Amino acid sequence: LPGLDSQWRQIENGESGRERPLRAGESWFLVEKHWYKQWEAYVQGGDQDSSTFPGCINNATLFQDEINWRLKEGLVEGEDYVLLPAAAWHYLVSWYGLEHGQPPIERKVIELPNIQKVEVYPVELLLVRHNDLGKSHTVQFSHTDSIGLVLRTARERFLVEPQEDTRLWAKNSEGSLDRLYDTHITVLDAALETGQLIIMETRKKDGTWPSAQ
């Protein structure tokens, strides 16, 4: 079997383990809480031949029935079980092995229906140009609005000619900066907050961008 650090990093990393975002169609598996916590103790224990060896995966307290292997109901994530992506699960099974007679507990990700709601508190943003950070335009956007729309909005409110070249910057929190190069994601997909600063940047006649020398 791989090293402890190898197992841990293979199970707990993002996009290859537990910290994978939920994507529609992807399969996830269940591991009983105590077994997983024992595995965590073993891997983080600093010894491979320790007595904290979890052994075969055991989800006996998750099944209502031993004959049909029907999942118990009312089980909560974090309390009774822990979810593992297909990859990490397969690795665990290849390493420690599933208990004999037991089926893998597999479920899939689904996209819940779109809930409608009245947006009482829109994202109030202050639109600002690179050349004048004192001269601003306060505009309200929706959480579901696209960043391209925000770009066009800043372009409209500051009346910039189409021959001119513009880019979008976002001032996360109070000081932190982050470039906004994606024009196909929503405001909610941008971590924008009310009162935040959005800096629209226009290329100079030199062919240079104010941030790029």
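The structure we're discussing is the one just above.
Along each chain, numbering proceeds from 1 in written sequence order. Entry numbering may differ, and residues lacking coordinates are not shown. Only hydrogens and water are set aside when side-chain values are computed; all heavy atoms of the structure are taken into account. Residues with missing side-chain atoms are left out of burial classes, side-chain pairs and their counts.

Engineer: What am I meant to see in the packing of helix 1 (residues 4-12) against helix 2 (residues 33-43) here?
Structural biologist: Helix-helix packing is characterised by the crossing angle of the two axes and by the distance between the axes. Helix axes use the C-alpha atoms of the stretch in contact, all axes being lines fitted to C-alpha atoms, and the angles between their N-to-C directions lie in the range 0 to 180 degrees. The helix and strand labels rest on DSSP assignments: H or I over at least four residues marks a helix, E over at least two residues marks a strand, and numbering proceeds from the N terminus. Relative to each other, helix 1 and helix 2 sit at 135°, their axes nearing to 9 Å. Our classification of the angle between helix 1 and helix 2 gives oblique. Two secondary-structure elements touch here, helix 1 through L4, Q7, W8, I11 and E12 and helix 2 through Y36, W39, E40, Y42 and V43. Among the residues forming the contact of helix 1 with helix 2, the class breakdown is seven nonpolar, one polar and two charged. Small angles under 35 degrees read as roughly parallel and large ones over 145 as roughly antiparallel, with 65 to 115 read as roughly perpendicular and the rest as oblique. Whether two residues touch is decided by their heavy atoms; if any such pair falls within 4.5 Å, the residues are in contact. When residues are grouped by polarity, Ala, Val, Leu, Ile, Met, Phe, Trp, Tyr, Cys and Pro land in nonpolar, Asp, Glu, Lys and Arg in charged, and all others, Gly among them, in polar.

Engineer: When you look at the sheet that holds strand 2 (residues 81-85) in this model, what are you seeing that I'm missing?
Structural biologist: Two pairing modes exist for strands in a sheet, parallel and antiparallel, and in both the strands are linked by backbone hydrogen bonds. Should DSSP find at least two bridges between two strands, the strands are taken to pair. Spatially, three strands are ordered 2-1-3 in an open sheet, and the strand pairing comes out antiparallel. What marks the edges here is a single partner per strand, and that holds for strand 2 and strand 3 (106-108). Across the sheet, the mean angle separating the axes of adjacent strands is 40° when strand polarity is ignored. The sheet contact formed by strand 1 (residues 27-32) and strand 2 spans five bridges and is antiparallel. By the bridge assignment for strand 2, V31 is matched with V82.

Engineer: Looking at this structure, I do not really get helix 1. What am I missing?
Structural biologist: Residues spaced three or four apart along an α-helix point in a common direction, a consequence of the helix completing one turn every 3.6 residues. Here's how the labels work: a residue is buried when its accessible area is under 20% of the maximum for its type, exposed when over 50%, partly exposed in between, all with a 1.4 Å probe on protein chains only. Within the span of helix 1, buried status applies to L4, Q7, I11 and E12. One face of helix 1 carries all of its buried residues, which in axial projection span an arc of 105°. For helix 1, the secondary structure elements touched by its buried residues are helix 2, strand 2 and helix 3 (86-95). To obtain the arc, one takes the directions from the helix axis to the C-beta atoms.

Engineer: Even after reading the chapter, I still don't get the side chain of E201, so can you show me in this structure?
Structural biologist: Of note, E201 is situated in strand 8 (residues 197-202). One buried charged residue, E201, remains without a salt bridge, the closest side chain of opposite sign being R167 at 5.2 Å. In this structure the side chain of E201 is engaged in a polar contact, spanning 3.3 Å, whose partner is the side chain of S211. Aside from chain neighbours lying at most four places away, what touches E201 is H130, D165, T166, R167, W169, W209, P210 and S211. Here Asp and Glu are counted as negative and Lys and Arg as positive; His is not counted, and neither are the chain ends. Counted as salt bridges are all cases of a side-chain nitrogen of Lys or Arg within 4 Å of a carboxyl oxygen of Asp or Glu. N or O atoms closer than or at 3.5 Å make up a polar contact, with two conditions inside protein: a donor-capable atom paired with an acceptor-capable one, and, for residues adjacent in sequence, both atoms drawn from side chains.

Engineer: Help me understand the packing of aromatic side chains in this model?
Structural biologist: The relation between two aromatic rings is expressed through the spacing of the ring centres and the mutual angle of the planes. Only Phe, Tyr and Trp rings take part, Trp by its six-membered ring, and two of them pair if their centres are within 6.5 Å. Stacked means planes under 30 degrees apart, edge-to-face means over 60, and tilted covers everything else. For the coordinates displayed, the defined rule picks out eight aromatic pairs. Between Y36 and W39, the aromatic rings sit 5.5 Å apart at their centres with planes inclined by 35°, giving tilted as the arrangement. Linking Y36 with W39, this pair stays in helix 2, spanning three residues, or about one helical turn. Assessed through its relative accessible area of 4%, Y36 is described here as buried. Of the residues examined, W39 reaches a relative accessible area of 1% and is grouped as buried. Geometrically, the ring pair formed by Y91 and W95 is tilted, given 5.4 Å between the ring centres and 40° between the ring planes. With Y91 and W95 both in helix 3 and four residues apart, this pair spans about one turn of that helix.

Engineer: So what exactly am I meant to see when it comes to helix 4 (residues 147-157) here?
Structural biologist: Looking at helix 4, one finds that the buried residues are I147, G148, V150, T153 and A154. Considering only its buried residues, helix 4 is in contact with strand 4 (123-129), strand 5 (136-141), strand 6 (166-171), strand 7 (178-180) and strand 8. Looking at the residues trailing helix 4, positive phi occurs at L159, about 55°.

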